Structure formats: C-alpha cells, structure tokens
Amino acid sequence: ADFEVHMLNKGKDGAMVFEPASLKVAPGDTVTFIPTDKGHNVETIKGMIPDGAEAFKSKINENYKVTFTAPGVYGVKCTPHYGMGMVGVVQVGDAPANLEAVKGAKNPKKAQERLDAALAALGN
C-alpha cells in the first residue's frame, strides 16, 4: 500500500507542518512525501530510526518516495524548519521495538511538542 504525506507552510496544526503528522504503515509500505508548498524536504531525525533502517534526506522541493523496510518508529523532519517544529512520525508495523528509545530522543522544543503529540496519536 502507498500513502501520501504533504509538506505545507500552514495547516490545521499551525505553521510548517507535515500532514498527516503521524501515520501507521505496514512493513514494505511506501510513503511519498510531497512538498505542496516550496522550500521543504524530509530527513530522518538522528536517534529516531529503528535498528537496521537507513537514514535518508531528500532534496528541497522533491516528491520523495520511500518504501519502509525495517519495522519500528521513524522520526522525520524538514531540514530547514526543524527548529520551528516541522516534524512527523511514521510507525512501520505493529509493536515498534524502538518505541521507548524514540521517546527519549532529544529535539528542539517546538519539534518536541509536536513529536510527543504525534506519538500519542499512534496510541503510544
């Protein structure tokens, strides 16, 4: 199954957001990150990727397609707007083994407020 995540300058959650900010996919699913507005990209957050997973970083303005292979929770950010809180969470499969470790990862304050909300919406 294929899912879409859009990158916007303004959404229901405020400025510089990923929509949706939290998504549960299955092992092997594909998510396409699409900058609806210009100036955004997607990159994995340091310490918020499962064991076995490869980090990634898309180019600004590109539609980025990723097939998630290793199960667990992945923290993602927009490079330029990470300090402003532009972050999302992708859970791949059931019972993420790295769920406790991603909760402890350190992020700038606004990014931390949105990641905690997003982890809570997954039922974590």
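Quick note: we count residues from 1 along the sequence shown, nothing fancier.
query: Mean CA B-factor: is it higher for 22-30 or for 94-102?
result: Stretch with the greater average CA B-factor: 94-102.
field: Stretch exceeding the other in mean C-alpha B-factor - 9-17, 109-117
entry: 9-17 has the higher mean C-alpha B-factor.
- prompt: Per the PDB entry, which option out of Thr79, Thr44, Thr36, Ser58 has the greatest Cα B factor?
  reply: In the PDB entry, the greatest C-alpha B-factor among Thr79, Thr44, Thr36, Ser58 is found at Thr36.
query: Is the Cα B-factor recorded for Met86 in the lowest, middle or highest third of its chain?
result: As the PDB entry reports it, the C-alpha B-factor of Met86 lands in the lowest third of its chain.
message: Where does the C-alpha B-factor of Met48 rank in its chain, lowest, middle or highest third?
response: Tercile = middle for this residue's CA B-factor.
- prompt: By the record's CA B-factor, is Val73 among the lowest, middle or highest third of residues in the chain?
  reply: Its C-alpha B-factor belongs to the lowest third of this chain's values.
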